[PDB]
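What the coordinates show
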Amino acid sequence: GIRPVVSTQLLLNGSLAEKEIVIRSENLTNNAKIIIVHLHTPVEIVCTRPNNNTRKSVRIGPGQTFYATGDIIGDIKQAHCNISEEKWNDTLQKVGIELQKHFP
Amino acid sequence: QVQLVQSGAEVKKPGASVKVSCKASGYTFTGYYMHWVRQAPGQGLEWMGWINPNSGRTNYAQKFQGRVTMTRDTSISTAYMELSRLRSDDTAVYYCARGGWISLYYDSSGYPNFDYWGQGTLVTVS
Amino acid sequence: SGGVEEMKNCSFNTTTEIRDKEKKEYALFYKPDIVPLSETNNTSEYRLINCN
Amino acid sequence: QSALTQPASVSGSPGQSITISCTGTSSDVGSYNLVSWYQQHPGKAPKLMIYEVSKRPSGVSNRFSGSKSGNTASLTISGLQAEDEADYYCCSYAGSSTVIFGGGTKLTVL
Amino acid sequence: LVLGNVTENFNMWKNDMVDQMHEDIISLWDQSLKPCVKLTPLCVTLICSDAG
Ligand SMILES: *[C@@H]1O[C@H](CO)[C@@H](O[C@@H]2O[C@H](CO)[C@@H](O[C@@H]3O[C@H](CO[C@H]4O[C@H](CO[C@H]5O[C@H](CO)[C@@H](O)[C@H](O)[C@@H]5O)[C@@H](O)[C@H](O[C@H]5O[C@H](CO)[C@@H](O)[C@H](O)[C@@H]5O)[C@@H]4O)[C@@H](O)[C@H](O[C@H]4O[C@H](CO)[C@@H](O)[C@H](O)[C@@H]4O[C@H]4O[C@H](CO)[C@@H](O)[C@H](O)[C@@H]4O)[C@@H]3O)[C@H](O)[C@H]2NC(C)=O)[C@H](O)[C@H]1NC(C)=O
Ligand SMILES: *[C@@H]1O[C@H](CO)[C@@H](O[C@@H]2O[C@H](CO)[C@@H](O[C@@H]3O[C@H](CO)[C@@H](O)[C@H](O)[C@@H]3O)[C@H](O)[C@H]2NC(C)=O)[C@H](O)[C@H]1NC(C)=O
Ligand SMILES: *[C@@H]1O[C@H](CO)[C@@H](O[C@@H]2O[C@H](CO)[C@@H](O)[C@H](O)[C@H]2NC(C)=O)[C@H](O)[C@H]1NC(C)=O
Ligand SMILES: *[C@@H]1O[C@H](CO)[C@@H](O[C@@H]2O[C@H](CO)[C@@H](O)[C@H](O)[C@H]2NC(C)=O)[C@H](O)[C@H]1NC(C)=O
Ligand SMILES: *[C@@H]1O[C@H](CO)[C@@H](O)[C@H](O)[C@H]1NC(C)=O
Ligand SMILES: *[C@@H]1O[C@H](CO)[C@@H](O)[C@H](O)[C@H]1NC(C)=O
Ligand SMILES: *[C@@H]1O[C@H](CO)[C@@H](O)[C@H](O)[C@H]1NC(C)=O
Ligand SMILES: *[C@@H]1O[C@H](CO)[C@@H](O)[C@H](O)[C@H]1NC(C)=O
């Protein structure tokens, strides 16, 4: 199973590796190649949002109707994301101790 | 210990406007909500809209839109209610209460955790 | 009646299903989707970002 | 979208348990677990009894117990004394940032 | 060609020829109007009256 997700940084849902953390690259000498870290232990991540009213339907032609943001009921809160602290800390620590094999 | 002080009793006539002020002392009022209730003698409690003193956002209940306005004042730590077009059944007592905690991460406006209440203002008409 | 972090009202007018009349409609567009035109400090006449 | 259903008045001798219940619409009480009770002494401001369906705040002894079942929220008192001559009010979050209050019960000590 | 001495189950309420017939007629009805005229500018208000 291959899930065609779209993400720039911090790879979302997909197959994991085995044994330990693995690092892939092209040359490992120049700075122009994007280096890829494949983990072994997953880290949970959640993202939320405040409320919206509905899809306000605006008609601009014979059948061509679009949906815009309507009202907002309640207070205004900022859409945030949450990651556990110690799991991310020891995951980045494992990334560092395994990346230290290529840099003495 | 924190306290909530309000204004005095008012005697008015229909077709006027009434202003009720509630002042909180002893705690940072900017990080807490403020709710308003009205009590006529004889029946139960009724709920009016809430004010967010950190941003001035208002959301009144049903059958009250357009006639009641709420305004915070962060300089002297007060909250004002201006209610216009009074009727004969508007003779009541008004209470201000402290709602939930403003967290900037989840909508905690509708939480009915009213901990501290005021003495209320007795307004009447004839 | 309050302050929002990143939204603007942006009421405009648009053509209906009949190619005669135009009606006023409102929305709530985000701030990165809204770009001001002209050069002056008149912060009223905004426009959509991908119409350029 | 009226007030919550609640009986007129209750009665009971001291020394036993009295159960009060409030019923409402499924979108009001049956959907969210945000209900609470208020004790109204005649003459001054009321005081909150329990926070959530079952959550005891400080300053009140372990005597009130709250529960929810289906569309009915119940509050139980055990060991009645003479300091309960006050009204009782239910309240619930009704969605869209609006709180719906109840009718009210009066308890008498025989 | 007629079969000799065999029987066969038949069910027309669950058939694949009917669904393929319906989809073929739908797609060929939708295909014949592709290079035709579009009635977009005929949405104008019509000032109608009885003939004299
Ligand atoms: C993503 O992650 C983020 C993490 O960054 C998540 O955000 C966090 O979400 C949680 C909810 O899950 C929030 O918890 C809530 O916090 C409030 C605020 O409590 C703080 O302030 C209290 C007040 O003290 C301040 O103000 C006075 C005023 O003078 C000052 O003098 C003080 O110095 C303080 O500045 C304070 O008492 C609290 O201390 C308590 O907690 C700490 C924790 O470390 C303990 O040590 C203490 O001993 C003490 O126990 C705290 O500092 C809480 O009030 C909330 O609890 C209420 O609500 C519960 C649910 O309704 C209810 O069950 C509780 O009983 C409690 O009830 C309260 O209700 C009313 C609130 O006004 C009052 O009647 C009364 O106060 C009563 O106590 C709740 O715990 C985090 O704050 C929030 N983080 C931030 C930074 O905002 C986010 O949710 C995540 N996103 C997800 C999961 O989607
Ligand atoms: C987030 O915002 C939405 C805005 O739509 C809120 O949904 C709305 O909630 C109200 C609650 O009173 C619904 O009203 C009730 O609907 C029922 C449906 O059976 C009706 O019987 C009642 O008489 C009453 O009208 C309203 O329908 C609903 N909107 C939609 C589109 O379903 C939602 O509650 C908000 N979220 C929170 C947590 O408050
Ligand atoms: C029309 O689009 C062009 C890009 O194709 C805009 O040019 C740049 O847009 C970015 C994004 O806002 C600005 O930060 C730059 O300052 C713009 N100029 C340059 C030289 O890079 C252009 O501004 C757009 N037109 C208008 C009126 O905004
Ligand atoms: C529909 O109305 C139009 C006018 O809006 C009619 O057209 C006119 O017909 C008379 C015939 O006596 C001519 O003298 C006019 O010059 C026409 N006016 C035009 C073309 O603008 C038309 O006849 C009406 N339809 C019917 C069926 O009577
Ligand atoms: C992510 O982690 C959770 C909890 O460990 C697990 O249930 C889920 O299957 C994981 N998803 C992927 C894609 O690994
Ligand atoms: C890339 O790798 C090749 C052979 O592995 C090497 O000759 C070349 O120098 C490398 N490029 C850089 C920029 O180091
Ligand atoms: C928008 O279109 C309507 C169409 O009737 C017009 O009356 C109005 O002047 C236009 N402009 C604005 C700013 O509303
Ligand atoms: C019926 O089936 C048998 C098969 O053994 C065949 O020999 C016979 O000719 C069939 N009868 C007819 C009328 O075709």
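Residues numbered from 1 in each chain as written, not as in the entry; some residues may be left out. Chains lettered and ligands numbered in written order. Part of a larger assembly, values for the part shown. Heavy atoms only, no water.

Determination of this PDB entry was carried out by cryo-EM to a resolution of 3.8 Å, according to the record.

Residues and elements named next belong to chain B. All chains considered together, the criterion is met by 9 salt bridges over all chains. Its salt-bridge partner being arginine 38, residue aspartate 90 comes within 3.4 Å of it at the nearest N-O pair. Here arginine 38 lies in strand 4 (residues 32-39) and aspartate 90 lies in the loop between strand 8 (78-84) and strand 9 (92-101), a separation of 52 residues in the sequence. The same class applies to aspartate 90 and to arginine 38, which are both buried. If you follow the salt bridges from partner to partner, you end up with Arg38, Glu46, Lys63 and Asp90 in one network. (Salt bridge = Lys/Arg side-chain N within 4 Å of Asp/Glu carboxyl O. Helix = DSSP H or I, 4+ residues; strand = E, 2+ residues; numbered from the N terminus. Buried < 20%, exposed > 50% of the residue type's maximum accessible area, 1.4 Å probe, protein only.)

Each disulfide consists of a covalent bond between the sulfur atoms of two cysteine residues. All names here are of chain B. Summed over the entire model, instances satisfying the criterion amount to 3 disulfides over all chains. Across the disulfide, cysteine 22 is cross-linked to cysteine 96 (sulfur-sulfur distance 2.0 Å). Around the S-S axis, the bridge from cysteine 22 to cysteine 96 shows a dihedral of about 75° and counts as right-handed. Residue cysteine 22 is found in strand 3 (residues 17-25), and its partner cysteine 96 is found in strand 9; the two are separated by 74 residues along the sequence. (Disulfide = S-S within 2.5 Å.)

Tracing the sequence through the fold places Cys91(D) in strand 7 (residues 87-93). Take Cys91(D): its relative accessible area is 2%, and that puts it in the buried class. Counting along the chain gives 46 residues from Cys91(D) to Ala45(D), while the straight-line C-alpha distance between them is 16 Å. When residues no more than four places from it in sequence are discounted, the contact partners of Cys91(D) are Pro112(B), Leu34(D), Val35(D), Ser36(D), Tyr38(D), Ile100(D) and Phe101(D). (Contact = heavy atoms within 4.5 Å.)

Further remarks concern the interface of chain B and chain D. At the interface, 21 residues of chain B touch 19 residues of chain D. Across the chain B/chain D interface, buried area totals approximately 1,700 Å², and carbon plus sulfur atoms make up 64% of it. Linking chain B to chain D there are 0 salt bridges. The tally of links from chain B across to chain D stands at 6 residue pairs in polar contact. Ranked by residues supplied to the side of chain B that touches chain D, first place goes to strand 5 (residues 46-51) of chain B with 3 residues. Of the residues that constitute the side of chain B that touches chain D, the class distribution is 10 nonpolar, 8 polar and 3 charged. (Buried area = accessible area lost by both parts, 1.4 Å probe. Polar contact = N/O pair within 3.5 Å; in protein donor to acceptor, adjacent residues only side chain to side chain. Nonpolar A, V, L, I, M, F, W, Y, C, P; charged D, E, K, R; others polar.)

Residues and elements named next belong to chain A. As a structural note, the neighbourhood of ligand 6 is formed by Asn27, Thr29 and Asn30. With respect to ligand 6, the side chain of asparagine 27 contributes an N or O atom lying 2.4 Å from an oxygen atom. Isolated, ligand 6 exposes 360 Å² of accessible area, and the fraction of that covered by the protein chains is 29%. (Near = heavy atom within 4 Å. Areas by Shrake-Rupley, 256 points an atom, 1.4 Å probe, with all protein chains shown as cover.)

Across the contact, 4 residues belong to chain B and 4 residues belong to chain C. With both sides pooled, the region where chain B packs onto chain C buries about 290 Å², and carbon together with sulfur makes up 32% of that total. Interface area lost by chain B to chain C is led by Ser55(B), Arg57(B) and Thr58(B), which between them contribute 83%. Taken together, the links from chain B to chain C amount to 2 residue pairs in polar contact. Of the residues belonging to the side of chain B that touches chain C, the class tally is no nonpolar, 3 polar and 1 charged.

The next thing to look at is the side chain of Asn52(B). As for its placement among the helices and strands, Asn52(B) is situated in the loop between strand 5 and strand 6 (58-59). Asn52(B) gets classed as buried once you look at its relative accessible area, which sits at 3%. Within the local environment of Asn52(B), its side chain forms a polar contact with the side chain of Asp75(A), the two groups lying 2.6 Å apart. Not counting chain neighbours up to four residues away, the residues in contact with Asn52(B) comprise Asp75(A), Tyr33(B), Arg57(B) and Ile102(B).

Let's shift gears to the packing of aromatic side chains. According to the stated counting rule, one finds 8 aromatic pairs over all chains in the structure shown. Between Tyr32(B) and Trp101(B) the ring centres are 5.3 Å apart and the planes differ by 80°, which places this aromatic pair in the edge-to-face class. With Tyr32(B) in strand 4 and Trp101(B) in strand 9, the pair connects residues that are 69 residues apart, well separated along the chain. Judged by centre distance (6.5 Å) and plane angle (25°), the ring pair of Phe114(B) and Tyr38(D) falls under stacked. (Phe/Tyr/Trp six-rings, centres within 6.5 Å; stacked < 30°, edge-to-face > 60°.)

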